[PDB]
$ cat work.cif   # mmCIF, C-alpha atoms
data_entry
#
loop_
_atom_site.label_atom_id
_atom_site.label_comp_id
_atom_site.auth_asym_id
_atom_site.auth_seq_id
_atom_site.Cartn_x
_atom_site.Cartn_y
_atom_site.Cartn_z
CA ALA H 2 181.90 93.27 134.72
CA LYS H 3 180.59 89.73 134.41
CA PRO H 4 177.20 88.65 135.71
CA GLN H 5 176.89 86.20 138.58
CA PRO H 6 178.54 82.89 137.61
CA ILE H 7 176.88 79.50 137.72
CA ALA H 8 178.51 76.19 138.53
CA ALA H 9 176.09 73.43 137.66
CA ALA H 10 176.38 69.69 138.34
CA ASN H 11 174.57 67.44 135.88
CA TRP H 12 174.70 64.06 137.58
CA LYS H 13 172.97 62.45 134.56
CA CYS H 14 171.65 58.94 135.20
CA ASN H 15 173.96 58.16 138.09
CA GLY H 16 173.99 57.76 141.85
CA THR H 17 173.01 55.56 144.72
CA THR H 18 171.61 56.72 148.03
CA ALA H 19 174.90 56.04 149.76
CA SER H 20 177.06 57.81 147.20
CA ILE H 21 174.79 60.83 147.06
CA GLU H 22 174.72 61.17 150.84
CA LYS H 23 178.52 61.22 150.89
CA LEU H 24 178.83 63.71 148.06
CA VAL H 25 176.21 66.06 149.46
CA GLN H 26 178.11 66.06 152.77
CA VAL H 27 181.25 67.12 150.88
CA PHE H 28 179.36 69.94 149.21
CA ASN H 29 177.81 71.04 152.52
CA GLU H 30 181.21 71.30 154.23
CA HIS H 31 182.77 73.40 151.44
CA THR H 32 182.44 77.03 152.37
CA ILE H 33 181.93 79.21 149.32
CA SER H 34 182.95 82.81 149.85
CA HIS H 35 182.12 84.49 146.55
CA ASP H 36 178.90 85.23 144.69
CA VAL H 37 178.07 82.14 142.60
CA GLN H 38 174.90 80.16 141.98
CA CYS H 39 175.59 76.49 142.41
CA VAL H 40 173.11 74.04 140.89
CA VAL H 41 172.82 70.28 141.37
CA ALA H 42 170.66 68.22 139.01
CA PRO H 43 170.03 64.73 140.40
CA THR H 44 167.86 62.11 138.79
CA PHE H 45 164.15 62.54 139.50
CA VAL H 46 164.04 59.80 142.12
CA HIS H 47 166.91 61.37 144.06
CA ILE H 48 165.46 64.89 144.21
CA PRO H 49 163.74 64.33 147.62
CA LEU H 50 166.92 62.91 149.14
CA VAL H 51 168.99 65.84 147.95
CA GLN H 52 166.34 68.30 149.17
CA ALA H 53 166.54 66.70 152.61
CA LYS H 54 170.31 66.63 152.89
CA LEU H 55 171.69 69.62 150.96
CA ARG H 56 172.15 72.64 153.19
CA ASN H 57 174.83 74.77 151.53
CA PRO H 58 173.06 78.08 150.90
CA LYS H 59 174.70 78.68 147.56
CA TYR H 60 172.94 75.70 145.95
CA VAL H 61 169.62 75.14 144.24
CA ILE H 62 168.27 71.87 142.86
CA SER H 63 167.41 71.40 139.19
CA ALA H 64 165.67 68.72 137.23
CA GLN H 65 167.44 67.20 134.20
CA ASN H 66 164.35 67.36 131.97
CA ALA H 67 160.59 67.85 132.13
CA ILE H 68 157.48 68.01 130.01
CA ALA H 69 155.24 71.07 130.04
CA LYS H 70 151.89 69.69 131.26
CA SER H 71 150.56 66.98 133.54
CA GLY H 72 148.38 64.29 132.09
CA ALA H 73 148.48 60.99 130.26
CA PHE H 74 152.24 60.79 129.66
CA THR H 75 153.37 57.55 131.33
CA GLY H 76 156.94 57.78 132.55
CA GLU H 77 157.39 61.55 132.27
CA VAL H 78 157.54 64.31 134.91
CA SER H 79 155.84 67.66 134.31
CA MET H 80 156.75 71.20 135.18
CA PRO H 81 153.75 71.65 137.54
CA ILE H 82 154.75 68.53 139.44
CA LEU H 83 158.31 69.83 139.85
CA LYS H 84 157.10 73.23 141.03
CA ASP H 85 154.83 71.63 143.62
CA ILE H 86 157.76 69.68 145.09
CA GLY H 87 159.89 72.80 145.23
CA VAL H 88 162.08 72.52 142.13
CA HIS H 89 162.19 75.61 139.97
CA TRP H 90 165.29 75.03 137.83
CA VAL H 91 165.40 72.71 134.83
CA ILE H 92 167.93 71.72 132.19
CA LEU H 93 166.36 71.51 128.75
CA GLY H 94 167.68 70.40 125.40
CA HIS H 95 170.70 68.49 126.56
CA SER H 96 172.58 66.83 123.72
CA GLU H 97 171.74 63.37 125.06
CA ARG H 98 168.05 64.13 124.76
CA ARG H 99 168.43 65.70 121.31
CA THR H 100 170.37 62.61 120.18
CA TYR H 101 168.73 59.60 121.88
CA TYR H 102 165.24 60.88 122.73
CA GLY H 103 164.15 62.83 119.65
CA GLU H 104 164.18 66.36 121.01
CA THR H 105 164.27 68.64 117.98
CA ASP H 106 164.84 72.39 118.07
CA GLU H 107 161.09 72.95 118.04
CA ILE H 108 160.48 70.55 120.94
CA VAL H 109 163.25 72.21 122.95
CA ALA H 110 161.97 75.71 122.18
CA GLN H 111 158.46 74.76 123.23
CA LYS H 112 159.72 73.28 126.51
CA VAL H 113 161.83 76.36 127.25
CA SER H 114 158.90 78.68 126.56
CA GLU H 115 156.60 76.71 128.84
CA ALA H 116 159.19 76.55 131.63
CA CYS H 117 159.64 80.30 131.50
CA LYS H 118 155.87 80.85 131.62
CA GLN H 119 155.71 78.64 134.69
CA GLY H 120 158.42 80.56 136.50
CA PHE H 121 161.42 78.26 136.07
CA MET H 122 165.03 79.21 135.68
CA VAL H 123 166.12 77.29 132.58
CA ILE H 124 169.52 76.05 131.48
CA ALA H 125 169.08 75.60 127.74
CA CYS H 126 171.74 73.52 125.99
CA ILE H 127 173.10 74.15 122.48
CA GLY H 128 176.13 72.93 120.59
CA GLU H 129 177.55 71.53 117.36
CA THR H 130 178.73 68.06 116.43
CA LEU H 131 182.23 67.21 115.29
CA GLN H 132 180.99 66.93 111.69
CA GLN H 133 179.43 70.37 111.88
CA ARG H 134 182.59 71.86 113.33
CA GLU H 135 184.77 70.33 110.58
CA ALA H 136 182.30 71.65 107.96
CA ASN H 137 182.75 75.16 109.47
CA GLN H 138 179.07 75.21 110.40
CA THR H 139 179.54 75.89 114.15
CA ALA H 140 178.18 79.44 114.04
CA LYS H 141 175.21 78.55 111.84
CA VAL H 142 174.27 75.62 114.09
CA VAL H 143 174.45 77.33 117.45
CA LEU H 144 172.69 80.43 116.16
CA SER H 145 169.96 78.32 114.59
CA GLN H 146 169.42 76.47 117.89
CA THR H 147 169.35 79.73 119.81
CA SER H 148 167.02 81.50 117.40
CA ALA H 149 164.57 78.58 117.58
CA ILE H 150 164.35 79.13 121.32
CA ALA H 151 164.19 82.89 120.99
CA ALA H 152 161.23 82.70 118.59
CA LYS H 153 158.99 81.43 121.41
CA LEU H 154 160.13 83.86 124.14
CA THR H 155 159.33 87.43 125.00
CA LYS H 156 162.10 89.78 126.06
CA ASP H 157 161.20 89.57 129.75
CA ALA H 158 161.52 85.75 129.67
CA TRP H 159 165.26 86.05 129.04
CA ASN H 160 165.78 86.95 132.69
CA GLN H 161 165.04 83.28 133.41
CA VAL H 162 167.30 81.79 130.71
CA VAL H 163 170.88 80.57 131.00
CA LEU H 164 172.51 79.23 127.84
CA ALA H 165 174.94 76.32 128.02
CA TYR H 166 177.26 75.85 125.06
CA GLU H 167 178.37 72.23 125.04
CA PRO H 168 180.13 71.06 121.87
CA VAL H 169 178.92 67.52 121.41
CA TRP H 170 182.45 66.30 120.73
CA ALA H 171 183.54 67.51 124.19
CA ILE H 172 180.76 65.83 126.19
CA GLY H 173 182.15 62.92 128.17
CA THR H 174 185.10 62.44 125.80
CA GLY H 175 187.97 64.13 127.66
CA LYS H 176 188.48 66.50 124.72
CA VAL H 177 187.64 69.84 126.25
CA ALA H 178 187.39 72.91 124.06
CA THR H 179 190.26 75.29 124.36
CA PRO H 180 189.54 78.61 126.04
CA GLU H 181 189.87 80.32 122.67
CA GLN H 182 187.40 77.93 121.02
CA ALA H 183 184.84 78.43 123.75
CA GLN H 184 185.29 82.19 123.92
CA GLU H 185 184.78 82.54 120.16
CA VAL H 186 181.37 80.87 120.37
CA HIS H 187 180.29 82.63 123.57
CA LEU H 188 181.14 86.01 122.03
CA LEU H 189 179.16 85.14 118.87
CA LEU H 190 176.15 84.17 120.99
CA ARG H 191 176.29 87.25 123.20
CA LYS H 192 176.50 89.50 120.13
CA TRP H 193 173.49 87.76 118.56
CA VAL H 194 171.49 88.25 121.76
CA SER H 195 172.59 91.90 121.93
CA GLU H 196 171.42 92.64 118.36
CA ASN H 197 168.29 90.49 118.27
CA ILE H 198 166.96 90.65 121.83
CA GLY H 199 168.59 93.63 123.54
CA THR H 200 171.92 94.93 124.86
CA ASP H 201 170.57 94.93 128.41
CA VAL H 202 169.62 91.26 128.10
CA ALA H 203 173.00 90.40 126.63
CA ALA H 204 174.95 92.06 129.42
CA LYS H 205 173.15 90.03 132.09
CA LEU H 206 172.91 86.70 130.25
CA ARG H 207 174.92 83.82 131.64
CA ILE H 208 176.48 81.64 129.00
CA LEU H 209 178.03 78.53 130.46
CA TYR H 210 180.53 76.16 128.86
CA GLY H 211 180.28 72.41 129.26
CA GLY H 212 182.09 69.40 127.90
CA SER H 213 184.94 67.76 129.81
CA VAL H 214 185.37 70.55 132.37
CA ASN H 215 187.51 69.48 135.29
CA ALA H 216 189.11 71.23 138.26
CA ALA H 217 192.35 71.85 136.43
CA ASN H 218 190.98 73.36 133.21
CA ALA H 219 188.13 75.34 134.75
CA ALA H 220 190.10 78.40 135.82
CA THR H 221 191.62 78.96 132.39
CA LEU H 222 188.17 78.75 130.77
CA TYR H 223 186.65 81.14 133.30
CA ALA H 224 189.40 83.69 132.57
CA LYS H 225 187.74 84.40 129.21
CA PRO H 226 185.43 87.39 129.21
CA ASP H 227 182.24 85.79 127.89
CA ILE H 228 182.33 82.53 129.88
CA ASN H 229 180.05 82.70 132.91
CA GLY H 230 180.53 79.27 134.44
CA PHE H 231 180.12 75.64 133.68
CA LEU H 232 177.75 72.74 133.20
CA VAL H 233 179.69 69.76 134.50
CA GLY H 234 178.95 66.07 134.02
CA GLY H 235 181.54 63.53 135.06
CA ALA H 236 183.57 65.77 137.33
CA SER H 237 180.48 66.80 139.29
CA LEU H 238 180.23 63.31 140.76
CA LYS H 239 183.61 63.85 142.47
CA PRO H 240 184.88 66.00 145.35
CA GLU H 241 186.86 68.09 142.88
CA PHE H 242 183.60 69.84 141.94
CA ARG H 243 184.53 72.07 144.92
CA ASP H 244 187.50 73.41 142.96
CA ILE H 245 185.36 73.91 139.84
CA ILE H 246 183.11 76.16 141.93
CA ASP H 247 186.12 78.01 143.28
CA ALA H 248 187.46 78.54 139.74
CA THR H 249 184.59 81.03 139.18
CA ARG H 250 186.13 83.54 141.57
#

$ encode --input "work.cif" --output "structure tokens"
Amino acid sequence: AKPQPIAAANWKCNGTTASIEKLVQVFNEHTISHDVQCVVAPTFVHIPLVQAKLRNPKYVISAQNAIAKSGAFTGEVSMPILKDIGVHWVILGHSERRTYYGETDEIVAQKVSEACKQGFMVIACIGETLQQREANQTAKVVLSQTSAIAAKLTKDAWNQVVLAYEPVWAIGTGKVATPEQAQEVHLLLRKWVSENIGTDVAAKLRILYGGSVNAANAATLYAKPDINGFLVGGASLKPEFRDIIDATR
């Protein structure tokens, strides 16, 4: 059978106090009856508000990024600071950070390793660009990104890792991957983990899909055997996130 699914909301750089209060109320009033881990990732400045208002017991709060250590890093937020305020999930290596903010495979792998050492659950993002897909490099790219992370982890650390496969061409564009496209990559990843890390790790690993997931396409993605849930951007700012959660039944 499949491991426990995850439905994760990446709000990105969005929100006002009023809109967040309304959306959290919607999430609180949605009764979830199956075993799923829901995750909401607000901007840093909204974490305290969401902590105060979110009561649905299926949810945890995640940060959208972090650095490993406190110190002289003006503008950044560290993992120890997040832990002290009660946040123990983080998204690392999102495409937007790899693209705009210079996060290379080695930077991502270092961050993931440090988060695991500090007791975080980590959603680590990987995925290929349109050019790489059309060059038939998808497998090489996603396995390179994954092996860079794996090189800095011990086997036990994998209990804290969730992989999110987000093809860059699907992020925010409306052009979701087909279920067959996503399943092909998820199966390739799970096999790599099984051979290189362990079959026990691979059977428990959650591999999420993201990139233009909405409430109408989520259930047909989740039907595939190696898809364990979703990392959702635009649709997670809307009430229809409730139906994305319920598509993981």

$ resolve_selection --input "work.cif" --expression "the PyMOL selection byres ((chain H and resi 210) around 8)" --output "ChimeraX atom specification"
/H:165-167,183,208-209,211-212,228-232

$ atom_distance --input "work.cif" --atom1 "CA of residue 237 in chain H" --atom2 "CA of residue 187 in chain H"
22.3 Å

$ resolve_selection --input "work.cif" --expression "the PyMOL selection byres ((chain H and resi 54-60) around 12)" --output "PyMOL selection string"
chain H and resi 5-10+18-19+21-43+47-53+61-63+88+90+246

$ write_last_selection --input "work.cif" --atoms "C-alpha atoms" --output "PDB file, in the coordinates of the input"
ATOM      1  CA  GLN H   5     176.890  86.200 138.580  1.00  0.00           C
ATOM      2  CA  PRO H   6     178.540  82.890 137.610  1.00  0.00           C
ATOM      3  CA  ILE H   7     176.880  79.500 137.720  1.00  0.00           C
ATOM      4  CA  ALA H   8     178.510  76.190 138.530  1.00  0.00           C
ATOM      5  CA  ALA H   9     176.090  73.430 137.660  1.00  0.00           C
ATOM      6  CA  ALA H  10     176.380  69.690 138.340  1.00  0.00           C
ATOM      7  CA  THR H  18     171.610  56.720 148.030  1.00  0.00           C
ATOM      8  CA  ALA H  19     174.900  56.040 149.760  1.00  0.00           C
ATOM      9  CA  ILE H  21     174.790  60.830 147.060  1.00  0.00           C
ATOM     10  CA  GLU H  22     174.720  61.170 150.840  1.00  0.00           C
ATOM     11  CA  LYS H  23     178.520  61.220 150.890  1.00  0.00           C
ATOM     12  CA  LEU H  24     178.830  63.710 148.060  1.00  0.00           C
ATOM     13  CA  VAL H  25     176.210  66.060 149.460  1.00  0.00           C
ATOM     14  CA  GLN H  26     178.110  66.060 152.770  1.00  0.00           C
ATOM     15  CA  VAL H  27     181.250  67.120 150.880  1.00  0.00           C
ATOM     16  CA  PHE H  28     179.360  69.940 149.210  1.00  0.00           C
ATOM     17  CA  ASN H  29     177.810  71.040 152.520  1.00  0.00           C
ATOM     18  CA  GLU H  30     181.210  71.300 154.230  1.00  0.00           C
ATOM     19  CA  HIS H  31     182.770  73.400 151.440  1.00  0.00           C
ATOM     20  CA  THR H  32     182.440  77.030 152.370  1.00  0.00           C
ATOM     21  CA  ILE H  33     181.930  79.210 149.320  1.00  0.00           C
ATOM     22  CA  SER H  34     182.950  82.810 149.850  1.00  0.00           C
ATOM     23  CA  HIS H  35     182.120  84.490 146.550  1.00  0.00           C
ATOM     24  CA  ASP H  36     178.900  85.230 144.690  1.00  0.00           C
ATOM     25  CA  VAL H  37     178.070  82.140 142.600  1.00  0.00           C
ATOM     26  CA  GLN H  38     174.900  80.160 141.980  1.00  0.00           C
ATOM     27  CA  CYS H  39     175.590  76.490 142.410  1.00  0.00           C
ATOM     28  CA  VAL H  40     173.110  74.040 140.890  1.00  0.00           C
ATOM     29  CA  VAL H  41     172.820  70.280 141.370  1.00  0.00           C
ATOM     30  CA  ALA H  42     170.660  68.220 139.010  1.00  0.00           C
ATOM     31  CA  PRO H  43     170.030  64.730 140.400  1.00  0.00           C
ATOM     32  CA  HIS H  47     166.910  61.370 144.060  1.00  0.00           C
ATOM     33  CA  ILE H  48     165.460  64.890 144.210  1.00  0.00           C
ATOM     34  CA  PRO H  49     163.740  64.330 147.620  1.00  0.00           C
ATOM     35  CA  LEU H  50     166.920  62.910 149.140  1.00  0.00           C
ATOM     36  CA  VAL H  51     168.990  65.840 147.950  1.00  0.00           C
ATOM     37  CA  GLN H  52     166.340  68.300 149.170  1.00  0.00           C
ATOM     38  CA  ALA H  53     166.540  66.700 152.610  1.00  0.00           C
ATOM     39  CA  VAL H  61     169.620  75.140 144.240  1.00  0.00           C
ATOM     40  CA  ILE H  62     168.270  71.870 142.860  1.00  0.00           C
ATOM     41  CA  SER H  63     167.410  71.400 139.190  1.00  0.00           C
ATOM     42  CA  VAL H  88     162.080  72.520 142.130  1.00  0.00           C
ATOM     43  CA  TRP H  90     165.290  75.030 137.830  1.00  0.00           C
ATOM     44  CA  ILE H 246     183.110  76.160 141.930  1.00  0.00           C
TER      45      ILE H 246
END

$ residues_near_point --input "work.cif" --point "(186.2, 72.8, 144.0)" --cutoff "10 Å" --atoms "all atoms listed in the file" --output "VMD selection string"
chain H and resid 28 31 33 215 to 217 219 237 239 to 249

$ axis_aligned_box --input "work.cif" --around "range 105-108 of chain H" --padding-each-side "8 Å" --output "JSON"
{"center_x": 162.7, "center_y": 70.8, "center_z": 119.5, "size_x": 20.4, "size_y": 20.3, "size_z": 19.0}

$ resolve_selection --input "work.cif" --expression "the PyMOL selection byres ((chain H and resi 65-68) around 7)" --output "ChimeraX atom specification"
/H:42,44,63-64,69-70,77-80,91-93,112

$ closest_residue --input "work.cif" --among "H:96, H:139, H:114, H:20" --to "residue 159 in chain H" --atoms "only C-alpha atoms"
H:114

$ closest_atom_pairs --input "work.cif" --of "range 38-132 of chain H" --to "range 143-146 of chain H" --cutoff "12 Å" --atoms "all atoms listed in the file" --output "JSON lines"
{"residue": "H:94", "atom": "CA", "partner": "H:146", "partner_atom": "CA", "distance": 9.8}
{"residue": "H:95", "atom": "CA", "partner": "H:146", "partner_atom": "CA", "distance": 11.9}
{"residue": "H:96", "atom": "CA", "partner": "H:146", "partner_atom": "CA", "distance": 11.7}
{"residue": "H:99", "atom": "CA", "partner": "H:146", "partner_atom": "CA", "distance": 11.3}
{"residue": "H:104", "atom": "CA", "partner": "H:146", "partner_atom": "CA", "distance": 11.8}
{"residue": "H:105", "atom": "CA", "partner": "H:146", "partner_atom": "CA", "distance": 9.4}
{"residue": "H:106", "atom": "CA", "partner": "H:146", "partner_atom": "CA", "distance": 6.1}
{"residue": "H:107", "atom": "CA", "partner": "H:146", "partner_atom": "CA", "distance": 9.0}
{"residue": "H:108", "atom": "CA", "partner": "H:146", "partner_atom": "CA", "distance": 11.1}
{"residue": "H:109", "atom": "CA", "partner": "H:146", "partner_atom": "CA", "distance": 9.0}
{"residue": "H:110", "atom": "CA", "partner": "H:146", "partner_atom": "CA", "distance": 8.6}
{"residue": "H:125", "atom": "CA", "partner": "H:146", "partner_atom": "CA", "distance": 9.9}
{"residue": "H:126", "atom": "CA", "partner": "H:146", "partner_atom": "CA", "distance": 8.9}
{"residue": "H:127", "atom": "CA", "partner": "H:143", "partner_atom": "CA", "distance": 6.1}
{"residue": "H:128", "atom": "CA", "partner": "H:143", "partner_atom": "CA", "distance": 5.7}
{"residue": "H:129", "atom": "CA", "partner": "H:143", "partner_atom": "CA", "distance": 6.6}
{"residue": "H:130", "atom": "CA", "partner": "H:143", "partner_atom": "CA", "distance": 10.3}

$ residues_around --input "work.cif" --residues "residue 203 in chain H" --least-positions-apart "3" --cutoff "12 Å" --atoms "all atoms listed in the file" --output "list in words"
residues 3, 4, 156, 159, 160, 162, 163, 164, 187, 188, 189, 190, 191, 192, 193, 194, 195, 196, 197, 198, 199, 200, 206, 207, 208 and 227 of chain H

$ atom_distance --input "work.cif" --atom1 "CA of residue 174 in chain H" --atom2 "CA of residue 122 in chain H"
28.0 Å

$ closest_residue --input "work.cif" --among "H:149, H:161, H:155, H:135" --to "residue 116 in chain H" --atoms "all atoms listed in the file"
H:161

$ atom_distance --input "work.cif" --atom1 "CA of residue 168 in chain H" --atom2 "CA of residue 113 in chain H"
19.8 Å

$ closest_residue --input "work.cif" --among "H:73, H:102, H:121, H:204" --to "residue 87 in chain H" --atoms "only C-alpha atoms"
H:121

$ closest_residue --input "work.cif" --among "H:157, H:103, H:148, H:186" --to "residue 134 in chain H" --atoms "only C-alpha atoms"
H:186

$ decode --input "work.cif" --residues "range 119-213 of chain H" --atoms "C-alpha atoms" --output "mmCIF file, in the first residue's frame"
data_model
loop_
_atom_site.group_PDB
_atom_site.id
_atom_site.type_symbol
_atom_site.label_atom_id
_atom_site.label_comp_id
_atom_site.auth_asym_id
_atom_site.auth_seq_id
_atom_site.Cartn_x
_atom_site.Cartn_y
_atom_site.Cartn_z
ATOM 1 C CA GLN H 119 18.337 19.699 13.263
ATOM 2 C CA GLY H 120 15.237 17.517 13.300
ATOM 3 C CA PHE H 121 13.187 19.047 10.489
ATOM 4 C CA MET H 122 10.858 17.310 8.106
ATOM 5 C CA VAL H 123 12.034 18.495 4.690
ATOM 6 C CA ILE H 124 10.197 18.822 1.397
ATOM 7 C CA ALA H 125 13.026 18.823 -1.131
ATOM 8 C CA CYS H 126 12.131 20.024 -4.631
ATOM 9 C CA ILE H 127 13.542 18.637 -7.888
ATOM 10 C CA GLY H 128 12.515 18.906 -11.515
ATOM 11 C CA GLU H 129 13.572 19.502 -15.105
ATOM 12 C CA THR H 130 13.120 22.473 -17.400
ATOM 13 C CA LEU H 131 11.267 22.399 -20.694
ATOM 14 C CA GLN H 132 14.600 22.420 -22.563
ATOM 15 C CA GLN H 133 15.822 19.453 -20.574
ATOM 16 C CA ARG H 134 12.619 17.546 -21.199
ATOM 17 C CA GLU H 135 12.785 18.180 -24.965
ATOM 18 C CA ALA H 136 16.450 17.056 -24.945
ATOM 19 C CA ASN H 137 15.320 13.778 -23.276
ATOM 20 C CA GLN H 138 17.389 14.640 -20.219
ATOM 21 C CA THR H 139 14.547 14.411 -17.639
ATOM 22 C CA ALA H 140 15.849 11.257 -15.965
ATOM 23 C CA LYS H 141 19.459 12.438 -15.857
ATOM 24 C CA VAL H 142 18.447 15.781 -14.354
ATOM 25 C CA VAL H 143 16.146 14.563 -11.611
ATOM 26 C CA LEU H 144 18.509 11.756 -10.652
ATOM 27 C CA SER H 145 21.440 14.155 -10.539
ATOM 28 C CA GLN H 146 19.497 16.525 -8.264
ATOM 29 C CA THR H 147 18.449 13.655 -6.022
ATOM 30 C CA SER H 148 21.901 12.094 -5.828
ATOM 31 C CA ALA H 149 23.392 15.463 -4.835
ATOM 32 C CA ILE H 150 21.053 15.509 -1.857
ATOM 33 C CA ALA H 151 21.634 11.853 -1.070
ATOM 34 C CA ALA H 152 25.421 12.329 -0.941
ATOM 35 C CA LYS H 153 25.077 14.430 2.232
ATOM 36 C CA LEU H 154 22.550 12.222 4.071
ATOM 37 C CA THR H 155 22.772 9.063 6.088
ATOM 38 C CA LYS H 156 20.172 6.355 5.652
ATOM 39 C CA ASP H 157 18.321 7.262 8.846
ATOM 40 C CA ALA H 158 17.905 10.882 7.645
ATOM 41 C CA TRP H 159 15.599 9.708 4.848
ATOM 42 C CA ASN H 160 12.813 9.248 7.369
ATOM 43 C CA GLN H 161 12.641 13.053 7.468
ATOM 44 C CA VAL H 162 12.710 13.635 3.687
ATOM 45 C CA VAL H 163 9.811 14.098 1.280
ATOM 46 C CA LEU H 164 10.666 14.604 -2.379
ATOM 47 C CA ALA H 165 8.579 16.926 -4.534
ATOM 48 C CA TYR H 166 8.847 16.473 -8.285
ATOM 49 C CA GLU H 167 7.821 19.730 -9.916
ATOM 50 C CA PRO H 168 8.601 20.046 -13.628
ATOM 51 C CA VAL H 169 9.574 23.659 -14.056
ATOM 52 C CA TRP H 170 7.371 23.995 -17.125
ATOM 53 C CA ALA H 171 4.309 23.080 -15.025
ATOM 54 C CA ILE H 172 4.886 25.578 -12.202
ATOM 55 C CA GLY H 173 2.351 28.380 -12.390
ATOM 56 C CA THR H 174 1.753 27.886 -16.123
ATOM 57 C CA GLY H 175 -1.502 25.903 -16.215
ATOM 58 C CA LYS H 176 0.262 23.086 -18.081
ATOM 59 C CA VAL H 177 0.048 20.247 -15.611
ATOM 60 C CA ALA H 178 1.906 17.027 -16.270
ATOM 61 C CA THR H 179 -0.253 14.158 -17.319
ATOM 62 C CA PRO H 180 -0.663 11.339 -14.820
ATOM 63 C CA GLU H 181 1.485 9.142 -17.051
ATOM 64 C CA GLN H 182 4.267 11.738 -17.243
ATOM 65 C CA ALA H 183 4.330 12.185 -13.493
ATOM 66 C CA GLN H 184 4.118 8.477 -12.734
ATOM 67 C CA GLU H 185 7.059 7.716 -15.038
ATOM 68 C CA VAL H 186 9.312 10.088 -13.097
ATOM 69 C CA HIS H 187 8.053 9.065 -9.651
ATOM 70 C CA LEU H 188 8.684 5.401 -10.478
ATOM 71 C CA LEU H 189 12.220 6.210 -11.703
ATOM 72 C CA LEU H 190 12.934 8.082 -8.468
ATOM 73 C CA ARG H 191 11.525 5.387 -6.198
ATOM 74 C CA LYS H 192 13.591 2.743 -7.992
ATOM 75 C CA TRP H 193 16.755 4.840 -7.624
ATOM 76 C CA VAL H 194 16.088 5.234 -3.896
ATOM 77 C CA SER H 195 15.393 1.502 -3.578
ATOM 78 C CA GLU H 196 18.708 0.525 -5.225
ATOM 79 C CA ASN H 197 20.935 3.257 -3.800
ATOM 80 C CA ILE H 198 19.517 3.887 -0.329
ATOM 81 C CA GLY H 199 17.347 0.897 0.594
ATOM 82 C CA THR H 200 14.099 -0.874 -0.283
ATOM 83 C CA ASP H 201 12.681 -0.094 3.156
ATOM 84 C CA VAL H 202 13.363 3.620 2.637
ATOM 85 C CA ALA H 203 11.824 3.528 -0.816
ATOM 86 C CA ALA H 204 8.610 1.899 0.352
ATOM 87 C CA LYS H 205 7.999 4.617 2.948
ATOM 88 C CA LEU H 206 9.205 7.627 0.947
ATOM 89 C CA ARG H 207 6.612 10.183 -0.054
ATOM 90 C CA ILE H 208 7.118 11.587 -3.512
ATOM 91 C CA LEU H 209 4.799 14.480 -4.221
ATOM 92 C CA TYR H 210 3.899 16.009 -7.576
ATOM 93 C CA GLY H 211 3.573 19.747 -8.049
ATOM 94 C CA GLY H 212 2.984 22.090 -10.946
ATOM 95 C CA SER H 213 -0.508 23.338 -11.803
#
